[PDB]
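A short worksheet on the structure shown next.
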Amino acid sequence: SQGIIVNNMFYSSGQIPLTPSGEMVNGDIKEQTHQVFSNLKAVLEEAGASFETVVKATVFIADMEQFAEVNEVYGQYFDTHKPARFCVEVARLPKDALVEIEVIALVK
Amino acid sequence: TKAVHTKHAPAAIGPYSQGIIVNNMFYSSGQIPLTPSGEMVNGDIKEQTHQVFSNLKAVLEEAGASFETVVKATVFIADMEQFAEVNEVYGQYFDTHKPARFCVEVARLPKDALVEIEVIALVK
Amino acid sequence: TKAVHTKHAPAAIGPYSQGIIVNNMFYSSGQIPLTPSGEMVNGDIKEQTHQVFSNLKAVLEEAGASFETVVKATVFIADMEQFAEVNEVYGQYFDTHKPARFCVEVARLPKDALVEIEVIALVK
Amino acid sequence: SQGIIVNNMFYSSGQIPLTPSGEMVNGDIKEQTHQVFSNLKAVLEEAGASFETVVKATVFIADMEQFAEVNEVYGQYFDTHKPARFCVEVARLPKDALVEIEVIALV
């Protein structure tokens with residue numbers, strides 16, 4: 001269970017920077033944010049949504065000072081569509097994760 | 001409601017998986033109706049809500065906070081029609097003190113669970 | 001609760017002042033108990049709430065949406081105890097369909113308004 | 001008018017780029033964002049809060065692509081202390097206004 005659909009809206013659970021084989025990626029927050037997005041692509045597809053249909057993203061971050069770096073990667077995946085809303089929250093995250101992202105997306 | 005399962009993404013983390021204090025504020029992890037023996041209270045939703053609140057009391061106490069200092073609660077619920085029952089228990093913990101904000105959200109919860117609550121509270 | 005005012009800043013807005021549609025979602029303005037004549041409604045909280053819901057139907061239909069496509073509601077209320085009375089009127093309009101998410105917030109409303117609701121809804 | 005205090009928390013109403021006399025500020029979105037921050041400063045002081053006790057900011061913006069310049073000004077007032085949470089929301093704002101901000105803060 002990587003999320004839930006409720007009248008035409010997909011609410012994802014949080015994706016953390018693990019490979020599908022289940023271990024943490026090596027690299028900085030920007031690389032972790034790549035893995036997270038890569039994980040989100042997969043769950044969006046499975047739900048019948050996509051990045052274009054994301055209406056809200058919640059970024060949980062270990063350190064608010066690394067927001068600019070996460071945001072550089074956010075703007076790569078959301079370059080031709082900008083979710084109408086996003087939030088950034090300081091959170092304690094599973095060992096070594098500097099970022100976790102959940103989304104809310106329309107089911108096409 | 002319908003669940004989304006894929007093998008091309010790792011398992012997800014419930015975002016409020018660990019409590020944290022930032023700037024005198026305790027943001028709890030989501031409390032599910034687990035007992036100290038680590039089994040679910042598999043009873044009706046009012047029983048499960050009591051257990052959630054018991055777990056909330058502990059994490060608050062541990063964080064130097066209390067129900068009195070809770071400013072926001074978020075209730076994750078399996079079925080929105082069950083809100084009325086959960087809220088009857090909520091009102092026993094938040095009786096003369098009522099958090100200034102609350103939210104209720106349909107979620108897919110860990111196996112069994114009908115209710116999960118997280119809170120945000122001032123540290124004393 | 002205590003209201004804050006300073007001459008050293010201008011009057012605030014209350015951010016849900018006007019509606020908008022973005023990426024097939026309708027984000028409604030906050031709806032108060034004004035009548036179509038412009039009168040603030042002469043009643044208790046339940047009367048006011050009904051007027052809110054009539055103003056909501058109007059903005060939802062006008063946006064190509066309906067109560068049944070509302071995915072989130074936010075209820076602004078002067079006292080959290082009055083929520084049950086608002087919620088009786090809420091449950092009438094969200095009878096068969098229930099929004100997956102809703103929040104309730106203490107807030108200072110325009111004079112005489114004891115309730116204000118905004119919604120977010122899917123424009124199919 | 002400008003916010004409420006409940007249980008030691010100040011919940012500001014949204015501040016737009018008006019001067020205290022009530023005229024809209026003229027200039028780019030950065031200049032607008034400065035005016036909003038001056039207004040928030042004054043409302044926070046009155047509430048018995050400060051930028052340092054801010055726990056959440058909500059930024060209502062006319063368009064997402066201008067968040068870059070809003071954020072540069074946000075970073076000036078929240079430099080030594082960053083709120084634990086912030087949200088950015090596309091909104092229809094009172095005319096001329098490209099940005100509007102509310103905050104939640106400990107008293």
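Letters A, B, ... mark the chains of the structure tokens in the order given; residue numbers begin at 1 per chain; ligand numbers begin at 1, in order shown.
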Give chain C as an mmCIF file with C-alpha atoms, in the first residue's frame once it has been least-squares superposed onto chain B over every C-alpha atom, paired in order.
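The resulting superposed_17.cif:
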```
data_model
loop_
_atom_site.group_PDB
_atom_site.id
_atom_site.type_symbol
_atom_site.label_atom_id
_atom_site.label_comp_id
_atom_site.auth_asym_id
_atom_site.auth_seq_id
_atom_site.Cartn_x
_atom_site.Cartn_y
_atom_site.Cartn_z
ATOM 1 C CA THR C 1 -11.875 4.086 -2.331
ATOM 2 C CA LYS C 2 -9.134 2.113 -4.072
ATOM 3 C CA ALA C 3 -5.616 1.186 -2.921
ATOM 4 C CA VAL C 4 -2.591 1.716 -5.203
ATOM 5 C CA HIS C 5 0.418 -0.712 -5.338
ATOM 6 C CA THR C 6 3.305 -1.049 -7.811
ATOM 7 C CA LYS C 7 6.404 -3.279 -7.759
ATOM 8 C CA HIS C 8 8.196 -0.478 -9.654
ATOM 9 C CA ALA C 9 8.400 1.587 -6.472
ATOM 10 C CA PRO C 10 9.206 0.624 -2.862
ATOM 11 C CA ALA C 11 6.667 0.485 -0.008
ATOM 12 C CA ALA C 12 5.723 3.939 1.247
ATOM 13 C CA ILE C 13 6.062 5.159 4.880
ATOM 14 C CA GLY C 14 3.195 7.369 6.019
ATOM 15 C CA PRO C 15 5.180 10.548 6.873
ATOM 16 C CA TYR C 16 4.282 10.846 10.597
ATOM 17 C CA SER C 17 6.332 7.743 11.431
ATOM 18 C CA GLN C 18 8.368 9.274 14.305
ATOM 19 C CA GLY C 19 8.077 12.291 16.674
ATOM 20 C CA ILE C 20 10.179 15.467 16.726
ATOM 21 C CA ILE C 21 10.487 18.731 18.646
ATOM 22 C CA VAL C 22 11.505 21.915 16.810
ATOM 23 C CA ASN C 23 11.238 25.514 18.114
ATOM 24 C CA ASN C 24 9.201 24.449 21.199
ATOM 25 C CA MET C 25 6.620 22.521 19.188
ATOM 26 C CA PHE C 26 6.221 18.780 19.508
ATOM 27 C CA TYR C 27 5.220 17.086 16.247
ATOM 28 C CA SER C 28 4.111 13.612 17.294
ATOM 29 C CA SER C 29 4.369 10.429 15.267
ATOM 30 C CA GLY C 30 1.022 9.002 14.155
ATOM 31 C CA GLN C 31 -0.387 6.846 16.909
ATOM 32 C CA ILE C 32 -2.299 3.668 16.166
ATOM 33 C CA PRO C 33 -4.137 1.178 18.450
ATOM 34 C CA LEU C 34 -1.103 -0.902 19.477
ATOM 35 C CA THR C 35 -1.117 -1.936 23.157
ATOM 36 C CA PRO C 36 2.040 -1.744 25.287
ATOM 37 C CA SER C 37 2.461 -5.525 24.651
ATOM 38 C CA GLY C 38 2.615 -4.786 20.885
ATOM 39 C CA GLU C 39 -0.883 -6.198 20.164
ATOM 40 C CA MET C 40 -3.208 -4.363 17.788
ATOM 41 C CA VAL C 41 -6.293 -3.697 19.944
ATOM 42 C CA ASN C 42 -9.271 -6.104 19.770
ATOM 43 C CA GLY C 43 -12.280 -3.801 19.513
ATOM 44 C CA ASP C 44 -14.529 -1.536 17.500
ATOM 45 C CA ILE C 45 -13.394 1.973 16.436
ATOM 46 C CA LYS C 46 -14.067 3.531 19.854
ATOM 47 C CA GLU C 47 -11.884 0.915 21.603
ATOM 48 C CA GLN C 48 -9.046 1.494 19.135
ATOM 49 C CA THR C 49 -9.421 5.261 19.613
ATOM 50 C CA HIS C 50 -9.016 5.014 23.400
ATOM 51 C CA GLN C 51 -5.794 3.099 22.835
ATOM 52 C CA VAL C 52 -4.669 5.900 20.459
ATOM 53 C CA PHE C 53 -5.326 8.477 23.159
ATOM 54 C CA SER C 54 -3.281 6.418 25.741
ATOM 55 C CA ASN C 55 -0.426 6.175 23.335
ATOM 56 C CA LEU C 56 -0.833 10.010 22.797
ATOM 57 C CA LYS C 57 -0.733 10.925 26.537
ATOM 58 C CA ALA C 58 2.473 8.957 26.752
ATOM 59 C CA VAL C 59 4.260 10.666 23.861
ATOM 60 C CA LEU C 60 2.896 14.127 24.927
ATOM 61 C CA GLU C 61 4.000 13.768 28.571
ATOM 62 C CA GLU C 62 7.316 12.351 27.480
ATOM 63 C CA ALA C 63 7.828 15.468 25.325
ATOM 64 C CA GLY C 64 6.923 17.901 28.137
ATOM 65 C CA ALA C 65 3.451 18.544 26.758
ATOM 66 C CA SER C 66 -0.144 17.547 27.485
ATOM 67 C CA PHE C 67 -3.584 17.250 25.919
ATOM 68 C CA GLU C 68 -4.202 20.789 27.040
ATOM 69 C CA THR C 69 -1.129 22.036 25.033
ATOM 70 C CA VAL C 70 -2.170 20.247 21.773
ATOM 71 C CA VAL C 71 -2.702 22.999 19.143
ATOM 72 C CA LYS C 72 -3.561 20.707 16.241
ATOM 73 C CA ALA C 73 -4.722 17.141 15.737
ATOM 74 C CA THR C 74 -4.947 15.109 12.531
ATOM 75 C CA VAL C 75 -7.254 12.101 12.430
ATOM 76 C CA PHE C 76 -6.602 9.526 9.724
ATOM 77 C CA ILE C 77 -9.645 7.357 9.128
ATOM 78 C CA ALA C 78 -10.535 4.641 6.519
ATOM 79 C CA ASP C 79 -14.080 5.944 6.054
ATOM 80 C CA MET C 80 -15.298 9.438 6.766
ATOM 81 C CA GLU C 81 -18.635 8.090 8.117
ATOM 82 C CA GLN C 82 -16.806 6.578 11.116
ATOM 83 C CA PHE C 83 -15.695 10.082 12.187
ATOM 84 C CA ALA C 84 -18.557 10.582 14.684
ATOM 85 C CA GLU C 85 -17.473 7.436 16.550
ATOM 86 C CA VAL C 86 -13.824 8.657 16.658
ATOM 87 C CA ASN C 87 -15.060 12.129 17.599
ATOM 88 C CA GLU C 88 -16.968 10.864 20.702
ATOM 89 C CA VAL C 89 -13.649 9.562 22.053
ATOM 90 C CA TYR C 90 -11.906 12.792 20.848
ATOM 91 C CA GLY C 91 -14.332 14.946 22.844
ATOM 92 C CA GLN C 92 -13.688 12.997 26.034
ATOM 93 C CA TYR C 93 -9.930 13.686 25.931
ATOM 94 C CA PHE C 94 -10.412 17.208 24.543
ATOM 95 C CA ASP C 95 -13.205 18.041 26.959
ATOM 96 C CA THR C 96 -12.305 21.418 28.538
ATOM 97 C CA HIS C 97 -9.520 22.222 26.088
ATOM 98 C CA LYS C 98 -10.147 22.020 22.369
ATOM 99 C CA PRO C 99 -7.287 22.213 19.845
ATOM 100 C CA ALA C 100 -7.635 25.376 17.739
ATOM 101 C CA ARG C 101 -7.237 23.279 14.585
ATOM 102 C CA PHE C 102 -7.984 19.727 13.580
ATOM 103 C CA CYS C 103 -8.152 17.820 10.240
ATOM 104 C CA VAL C 104 -9.620 14.487 9.228
ATOM 105 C CA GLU C 105 -8.357 12.585 6.206
ATOM 106 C CA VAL C 106 -9.342 9.427 4.463
ATOM 107 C CA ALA C 107 -6.361 7.099 4.321
ATOM 108 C CA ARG C 108 -5.388 3.466 4.239
ATOM 109 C CA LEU C 109 -4.079 2.542 7.730
ATOM 110 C CA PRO C 110 -1.965 -0.466 8.993
ATOM 111 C CA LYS C 111 -3.873 -3.791 9.099
ATOM 112 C CA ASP C 112 -6.828 -3.668 11.550
ATOM 113 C CA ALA C 113 -6.242 0.006 12.521
ATOM 114 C CA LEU C 114 -9.487 1.905 11.807
ATOM 115 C CA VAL C 115 -7.987 5.093 13.301
ATOM 116 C CA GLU C 116 -4.683 6.933 13.578
ATOM 117 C CA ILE C 117 -4.084 10.341 15.195
ATOM 118 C CA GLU C 118 -1.048 12.618 15.303
ATOM 119 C CA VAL C 119 -0.823 15.855 17.224
ATOM 120 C CA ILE C 120 1.216 18.990 17.344
ATOM 121 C CA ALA C 121 1.657 20.470 20.804
ATOM 122 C CA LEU C 122 3.312 23.285 22.599
ATOM 123 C CA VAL C 123 6.202 22.394 24.872
ATOM 124 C CA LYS C 124 6.107 25.336 27.302
#
```
| Which of chain C counts as strand (DSSP E) under DSSP, as a VMD selection string please? | chain C and resid 2 to 3 20 to 22 25 to 27 70 to 77 101 to 106 115 to 122
| field | Surrounding residues of residue D:48 excluding itself and chain neighbours under 5 positions, 10 Å, only C-alpha atoms, as a PyMOL selection string | value | (chain C and resi 4) or (chain D and resi 5+8-10+43+53+105-107)
Selection file, N, CA, C and O atoms, as an mmCIF file, in the first residue's frame:
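Okay, this is what ended up in selection-v7.cif:
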```
data_model
loop_
_atom_site.group_PDB
_atom_site.id
_atom_site.type_symbol
_atom_site.label_atom_id
_atom_site.label_comp_id
_atom_site.auth_asym_id
_atom_site.auth_seq_id
_atom_site.Cartn_x
_atom_site.Cartn_y
_atom_site.Cartn_z
ATOM 1 N N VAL C 4 -6.258 40.502 17.610
ATOM 2 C CA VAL C 4 -5.075 41.333 17.472
ATOM 3 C C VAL C 4 -5.327 42.439 16.431
ATOM 4 O O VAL C 4 -5.715 42.136 15.295
ATOM 5 N N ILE D 5 -5.357 35.155 18.850
ATOM 6 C CA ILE D 5 -4.496 34.366 19.734
ATOM 7 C C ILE D 5 -5.379 33.330 20.418
ATOM 8 O O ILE D 5 -6.350 33.672 21.061
ATOM 9 N N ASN D 8 -2.041 30.366 23.437
ATOM 10 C CA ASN D 8 -0.659 30.869 23.269
ATOM 11 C C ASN D 8 -0.097 30.845 21.846
ATOM 12 O O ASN D 8 1.119 30.962 21.651
ATOM 13 N N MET D 9 -0.965 30.703 20.849
ATOM 14 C CA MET D 9 -0.545 30.694 19.465
ATOM 15 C C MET D 9 -1.214 31.858 18.770
ATOM 16 O O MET D 9 -2.409 32.066 18.932
ATOM 17 N N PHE D 10 -0.461 32.583 17.965
ATOM 18 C CA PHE D 10 -1.017 33.680 17.200
ATOM 19 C C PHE D 10 -1.218 33.193 15.778
ATOM 20 O O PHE D 10 -0.287 32.660 15.148
ATOM 21 N N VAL D 43 2.332 43.194 12.910
ATOM 22 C CA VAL D 43 1.258 42.389 13.496
ATOM 23 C C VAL D 43 1.820 41.411 14.543
ATOM 24 O O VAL D 43 1.250 41.205 15.611
ATOM 25 N N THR D 53 9.517 33.401 16.530
ATOM 26 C CA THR D 53 8.542 32.468 17.096
ATOM 27 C C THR D 53 7.601 31.953 16.041
ATOM 28 O O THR D 53 6.648 31.263 16.374
ATOM 29 N N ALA D 105 2.433 31.749 14.939
ATOM 30 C CA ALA D 105 3.560 32.090 15.805
ATOM 31 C C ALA D 105 3.244 31.933 17.274
ATOM 32 O O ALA D 105 2.138 32.275 17.730
ATOM 33 N N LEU D 106 4.227 31.429 18.017
ATOM 34 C CA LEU D 106 4.140 31.380 19.476
ATOM 35 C C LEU D 106 4.149 32.786 20.084
ATOM 36 O O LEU D 106 4.867 33.663 19.626
ATOM 37 N N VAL D 107 3.335 32.990 21.101
ATOM 38 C CA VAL D 107 3.277 34.264 21.797
ATOM 39 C C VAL D 107 4.213 34.182 22.986
ATOM 40 O O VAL D 107 4.074 33.228 23.737
#
```
| said: Please identify all residues of chain D having at least one atom at most 12 Å from any atom of chain C, considering only C-alpha atoms, and return them as a VMD selection string. | reply: chain D and resid 1 to 24 35 to 49 58 to 64 89 to 95 97 99 to 103 107
| request: Pick out the chain A residues within 9 Å of chain C. Count only C-alpha atoms. Give them as a ChimeraX atom specification. | output: /A:6-9,52-55,83-84,106
Give me the residues of chain A that have any atom at most 10 Å from an atom of chain D; for each, the nearest atom pair and the distance in Å, rounded to one decimal. Use only C-alpha atoms, sort by chain and number, and format it as a tab-separated table.
```
residue	atom	partner	partner_atom	distance
A:56	CA	D:89	CA	9.2
A:57	CA	D:87	CA	9.8
A:58	CA	D:87	CA	8.7
A:59	CA	D:85	CA	9.8
A:60	CA	D:85	CA	9.2
A:61	CA	D:84	CA	9.6
A:63	CA	D:84	CA	9.1
A:64	CA	D:82	CA	7.0
A:65	CA	D:82	CA	8.1
A:68	CA	D:71	CA	9.7
A:75	CA	D:65	CA	9.6
A:79	CA	D:65	CA	9.4
A:81	CA	D:64	CA	9.6
A:82	CA	D:64	CA	6.5
A:83	CA	D:64	CA	8.2
A:84	CA	D:90	CA	5.2
A:85	CA	D:89	CA	4.5
A:86	CA	D:88	CA	5.4
A:87	CA	D:87	CA	4.1
A:88	CA	D:86	CA	5.4
A:89	CA	D:85	CA	4.5
A:90	CA	D:84	CA	5.3
A:91	CA	D:84	CA	8.6
```
Atoms kept (N, CA and C atoms) for selection, written as an mmCIF file, in the first residue's frame:
```cif
data_model
loop_
_atom_site.group_PDB
_atom_site.id
_atom_site.type_symbol
_atom_site.label_atom_id
_atom_site.label_comp_id
_atom_site.auth_asym_id
_atom_site.auth_seq_id
_atom_site.Cartn_x
_atom_site.Cartn_y
_atom_site.Cartn_z
ATOM 1 N N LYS A 56 -1.004 18.739 -5.342
ATOM 2 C CA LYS A 56 -0.330 19.079 -4.096
ATOM 3 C C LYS A 56 0.815 18.124 -3.810
ATOM 4 N N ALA A 57 1.919 18.712 -3.349
ATOM 5 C CA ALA A 57 3.103 17.963 -2.903
ATOM 6 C C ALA A 57 3.507 18.432 -1.496
ATOM 7 N N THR A 58 3.795 17.465 -0.623
ATOM 8 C CA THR A 58 4.331 17.732 0.711
ATOM 9 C C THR A 58 5.706 17.111 0.770
ATOM 10 N N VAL A 59 6.685 17.997 0.926
ATOM 11 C CA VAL A 59 8.076 17.658 1.134
ATOM 12 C C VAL A 59 8.389 17.663 2.643
ATOM 13 N N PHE A 60 8.784 16.511 3.155
ATOM 14 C CA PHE A 60 9.328 16.381 4.500
ATOM 15 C C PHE A 60 10.837 16.351 4.403
ATOM 16 N N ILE A 61 11.491 17.190 5.194
ATOM 17 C CA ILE A 61 12.914 17.440 5.034
ATOM 18 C C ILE A 61 13.578 17.402 6.417
ATOM 19 N N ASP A 63 16.260 18.970 7.203
ATOM 20 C CA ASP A 63 16.851 20.239 7.484
ATOM 21 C C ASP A 63 16.296 21.241 6.477
ATOM 22 N N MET A 64 15.616 22.247 6.999
ATOM 23 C CA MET A 64 15.034 23.293 6.168
ATOM 24 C C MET A 64 16.060 24.022 5.297
ATOM 25 N N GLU A 65 17.300 24.134 5.780
ATOM 26 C CA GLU A 65 18.392 24.735 5.015
ATOM 27 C C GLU A 65 18.716 23.989 3.712
ATOM 28 N N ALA A 68 16.543 24.570 -0.821
ATOM 29 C CA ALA A 68 16.972 25.000 -2.167
ATOM 30 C C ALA A 68 17.444 23.834 -3.026
ATOM 31 N N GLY A 75 11.738 21.371 -9.346
ATOM 32 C CA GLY A 75 11.592 22.124 -10.589
ATOM 33 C C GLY A 75 12.025 21.450 -11.900
ATOM 34 N N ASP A 79 8.708 21.104 -14.176
ATOM 35 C CA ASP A 79 9.085 22.277 -15.005
ATOM 36 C C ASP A 79 7.929 22.762 -15.891
ATOM 37 N N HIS A 81 4.674 21.663 -15.438
ATOM 38 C CA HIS A 81 3.514 21.749 -14.579
ATOM 39 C C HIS A 81 3.999 22.032 -13.156
ATOM 40 N N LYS A 82 3.379 23.016 -12.517
ATOM 41 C CA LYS A 82 3.616 23.389 -11.137
ATOM 42 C C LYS A 82 2.368 23.055 -10.316
ATOM 43 N N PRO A 83 2.453 22.078 -9.398
ATOM 44 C CA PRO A 83 1.349 21.826 -8.513
ATOM 45 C C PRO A 83 0.876 23.125 -7.896
ATOM 46 N N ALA A 84 -0.440 23.297 -7.852
ATOM 47 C CA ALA A 84 -1.047 24.501 -7.299
ATOM 48 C C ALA A 84 -0.653 24.748 -5.850
ATOM 49 N N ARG A 85 -0.326 23.679 -5.137
ATOM 50 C CA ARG A 85 0.091 23.826 -3.753
ATOM 51 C C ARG A 85 1.236 22.922 -3.419
ATOM 52 N N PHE A 86 2.165 23.452 -2.641
ATOM 53 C CA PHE A 86 3.143 22.601 -1.995
ATOM 54 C C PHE A 86 3.476 23.051 -0.575
ATOM 55 N N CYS A 87 3.866 22.074 0.253
ATOM 56 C CA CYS A 87 4.313 22.337 1.620
ATOM 57 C C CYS A 87 5.649 21.675 1.869
ATOM 58 N N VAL A 88 6.396 22.276 2.793
ATOM 59 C CA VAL A 88 7.715 21.791 3.196
ATOM 60 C C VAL A 88 7.686 21.740 4.731
ATOM 61 N N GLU A 89 7.987 20.567 5.284
ATOM 62 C CA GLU A 89 7.894 20.332 6.713
ATOM 63 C C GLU A 89 9.154 19.671 7.262
ATOM 64 N N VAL A 90 9.691 20.218 8.356
ATOM 65 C CA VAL A 90 10.809 19.564 9.049
ATOM 66 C C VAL A 90 10.273 18.331 9.749
ATOM 67 N N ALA A 91 10.980 17.235 9.577
ATOM 68 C CA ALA A 91 10.537 15.921 10.033
ATOM 69 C C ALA A 91 11.756 15.107 10.388
#
```
| request: Give me the residues within 7 Å of residue D:29 as a PyMOL selection string, counting only C-alpha atoms and dropping any in the same chain fewer than 4 places off. | output: chain D and resi 33+69-70+98
Filtering to C-alpha atoms, could you give me those residues as a CSV table (one decimal), in the first residue's frame?
```csv
chain,number,residue,atom,x,y,z
D,33,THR,CA,7.1,40.8,-0.5
D,69,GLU,CA,11.7,35.9,-5.9
D,70,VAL,CA,9.3,35.6,-3.1
D,98,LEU,CA,1.1,39.2,-6.5
```
| said: Run DSSP on the backbone and tell me which residues of chain A come out as alpha helix (DSSP H); list them as a PyMOL selection string. | reply: chain A and resi 29-47+67-77
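From atom CA of residue A:72 back to atom CA of residue A:42, the distance works out to 20.6 Å.
Atom to atom, atom CA of residue A:62 and atom CA of residue D:75 stand 17.9 Å apart.
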| request: Name the residues in contact with stretch 10-17 of chain A at a cut-off of 7 Å, using only C-alpha atoms, excluding same-chain residues fewer than 6 positions from it; report them as a PyMOL selection string. | output: (chain A and resi 2-4+24-25+32-33+35-36+39-40+47+97+99-107) or (chain B and resi 12-15)
